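Just so you know, all these numbers are worked out from the coordinates, no wet-lab data involved. Here Cβ is always computed from backbone atoms with ideal geometry, including for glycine, and neighbour counts include all displayed protein chains.
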2 protein chains.
Amino acid sequence: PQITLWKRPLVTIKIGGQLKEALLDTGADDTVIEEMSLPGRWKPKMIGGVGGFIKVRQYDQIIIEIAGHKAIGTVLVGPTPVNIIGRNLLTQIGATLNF
Amino acid sequence: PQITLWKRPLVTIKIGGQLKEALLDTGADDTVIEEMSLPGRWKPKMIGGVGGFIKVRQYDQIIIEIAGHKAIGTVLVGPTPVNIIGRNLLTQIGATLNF
Ligand SMILES: CC(C)CN(C[C@@H](O)[C@H](Cc1ccccc1)NC(=O)O[C@H]1CCOC1)S(=O)(=O)c1ccc(N)cc1
Ligand SMILES: [Cl-]
Ligand SMILES: [Cl-]
Ligand SMILES: [Cl-]
Ligand SMILES: [Cl-]
Ligand SMILES: [Cl-]
Ligand SMILES: [Cl-]
Ligand SMILES: [Cl-]
Ligand code: NA
Ligand code: NA
Ligand code: NA
């Protein structure tokens, strides 16, 4: 699709068999989602946003569908205001910015 | 242009006579720039994200040049860690996300 930006670019994602809403975020290096159960081990990560840096859990090689496109990659879990799809998965689904 | 997302989508902007680097950020509702002077009236605002909230000054009807493209709209000014061009001005330059 071609998504304009008059509204927030919210899509449906599927992770762990669950549908969730997430924001496509070109300003996010990383994908971060609200607290949920993911398989496997995690590693610690600090991520920086507008208000400062916070600790999240990093799970690697997680299967995730984004707007119907499949991806397998790193998902961070932590106290984010919204589910965010960042550049690490936007690249896998072939997203670009155009103007 | 078509901008891939392998690295941060940074562009040059001109605002208030000044050249700055800024992030094209589909996850940002509005544009927020590091501390600088702008002409006219302003009012305080809080904006929030990962890590919490910051206080900014809201200036309306400000012209920016974004990668060569002029727009006008609200610009927030405050202690953001990165200059961000948000949706309020991305729409005006016709930016879309494509995949
Ligand atoms: C969190 C989203 C919903 C909103 N933010 C935009 C995001 O793109 C934000 C931009 C940014 C990049 C680098 C450092 C600081 C900020 N990236 C972000 O936090 O990256 C994290 C999440 C995972 O990857 C790392 S905002 O900055 O809080 C914000 C809020 C309101 C307005 N009007 C403008 C901006
Ligand atoms: Cl949800
Ligand atoms: Cl869960
Ligand atoms: Cl969708
Ligand atoms: Cl990844
Ligand atoms: Cl503050
Ligand atoms: Cl505006
Ligand atoms: Cl349009
Ligand atoms: Na868990
Ligand atoms: Na894993
Ligand atoms: Na004004």
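Run through the other copies and list how far each one's label point is from that of B:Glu65, in nm with one decimal, shortest first; the point sits 7 Å from Cα along Cα-Cβ.
4.7
How would B:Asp30, B:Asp25, A:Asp29 line up from fewest to most surrounding beta-carbon atoms within 10 angstrom?
Numbers: B:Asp30 19, B:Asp25 24, A:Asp29 15.
With the sparsest Cβ surroundings first, the list reads A:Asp29, B:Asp30, B:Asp25.
What does the protein assembly as shown give for Rg and for Dmax, in Å, if only its C-alpha atoms count?
Final numbers for Rg and Dmax: 16.9, 54 Å.
Do the sum for chain B: with -39,500 (n - 2.57) for every DSSP H run of n ≥ 4, divided by all residues, what is the mean residue ellipticity at 222 nm, to the nearest 500 deg cm²/dmol? Mind dumping the intermediate values first?
On the way: 1 runs with 4 residues, N = 99.
Only helices count here, giving -500 deg cm²/dmol.
Per-residue HN-Hα couplings for region B:50-59, Karplus 6.51 cos²θ - 1.76 cosθ + 1.60 at θ = phi - 60°, whole Hz, x for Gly and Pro?
4, x, x, 10, 10, 8, 10, 9, 9, 10
Hey, with R₀ at 22 Å, roughly what FRET efficiency would B:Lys43 and A:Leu10 work out to, going by the Cβ-Cβ distance, to 0.05?
Numbers: r = 28 Å, r/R0 = 1.28.
Between B:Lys43 and A:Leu10 the formula returns 0.20.
Students often check this: by mean Cβ neighbours within 10 Å, which of B:64-75, B:11-22 ranks highest, and how do the rest follow?
On the way: B:64-75: 17.3, B:11-22: 15.2.
Sorting B:64-75, B:11-22 by mean packing, highest first, produces B:64-75, B:11-22.
With charges set only on the Cβ (+1 for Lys and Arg, -1 for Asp and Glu), what does the dipole of the protein assembly as shown come to about its Cα centre, in debye to the nearest 20? Please report the intermediate quantities before stating the final value.
Numbers: 22 positive and 16 negative charges, 26 e Å.
That gives a dipole near 120 debye.
Using only the alpha carbons, work out the radius of gyration and Dmax of region B:9-54 in angstrom.
Answer for region B:9-54, Rg first and Dmax second: 12.2, 31 Å.
Only four residue types carry charge here, +1 at the Cβ of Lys and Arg and -1 at the Cβ of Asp and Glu. Report the dipole size of chain B about the Cα centre in Debye, rounded to the nearest 20.
In debye, rounded to 20, chain B gives about 120.
In sequence order, what are the phi-derived ³J(HN,Hα) couplings for region B:85-99 according to the Karplus relation 6.51 cos²θ - 1.76 cosθ + 1.60 with θ = phi - 60°, rounded to whole Hz, with x for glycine and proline?
9, x, 4, 4, 9, 4, 4, 6, 9, x, 6, 9, 9, 10, 7
How shielded is B:83-92 by partner chains, expressed as the average number of their Cβ atoms within 10 Å of its Cβ atoms? Please list the in-between numbers first.
On the way: counts 0, 2, 1, 2, 6, 2, 1, 6, 4, 2.
Rounded to a whole number, the mean comes out at 3.
Shortest first and in nm with one decimal, please list how far the A:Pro1 label point sits from its counterparts in the other copies (point 7 Å along Cα→Cβ).
Distances between equivalent label points, in nm: 2.6.
Using a label point 7 Å beyond Cα on the Cα-Cβ vector, give me the inter-copy distances for B:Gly16 in nanometres, one decimal, shortest first.
Result, one decimal in nm: 4.4.
Provide A:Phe53, B:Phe99, B:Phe53 in ascending order of the number of other Cβ atoms located within 10 Å of each residue's Cβ, fewest first.
On the way: A:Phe53 11, B:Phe99 17, B:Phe53 14.
Listing A:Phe53, B:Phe99, B:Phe53 from fewest to most nearby Cβ atoms yields A:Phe53, B:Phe53, B:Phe99.
Taking 30 Å as the cut-off for C-alpha to C-alpha distance, list the pairs among A:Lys55/B:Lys55; A:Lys43/B:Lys43; A:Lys7/A:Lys43; A:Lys45/B:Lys43; A:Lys55/B:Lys45; A:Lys14/A:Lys55 that go past it. Before the final figure, lay out the partial values.
Numbers: A:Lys55/B:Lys55 22 Å; A:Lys43/B:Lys43 42 Å; A:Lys7/A:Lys43 34 Å; A:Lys45/B:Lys43 36 Å; A:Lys55/B:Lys45 26 Å; A:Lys14/A:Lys55 24 Å.
Result: A:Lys43/B:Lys43; A:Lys7/A:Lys43; A:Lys45/B:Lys43 exceed 30 Å.
Order these by the 10 Å Cβ neighbour count, fewest first: A:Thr91, B:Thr80. Please list the in-between numbers first.
Working: A:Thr91 17, B:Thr80 22.
Fewest to most other Cβ atoms nearby, the residues stand as A:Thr91, B:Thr80.
Which whole number gives the average count of other chain Cβ atoms within 10 Å of the Cβ atoms across peptide B:23-31?
Values: counts 2, 4, 5, 13, 13, 7, 3, 0, 0.
Shielding by partners across B:23-31 averages 5.
Give the value in nm², to one decimal: projected area of the alpha carbon convex hull of chain B, averaged over all directions. Please list the in-between numbers first.
Working: hull surface 25.4 nm².
Convex hull of Cα atoms, orientation-averaged projection: 6.4 nm².
In chain B, what residue has the beta-carbon at the shortest distance from the axis of the rotation relating B to A, and what is that distance in angstrom, rounded to the whole number?
Nearest Cβ to the rotation axis, residue and whole-Å distance: B:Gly51, 2.
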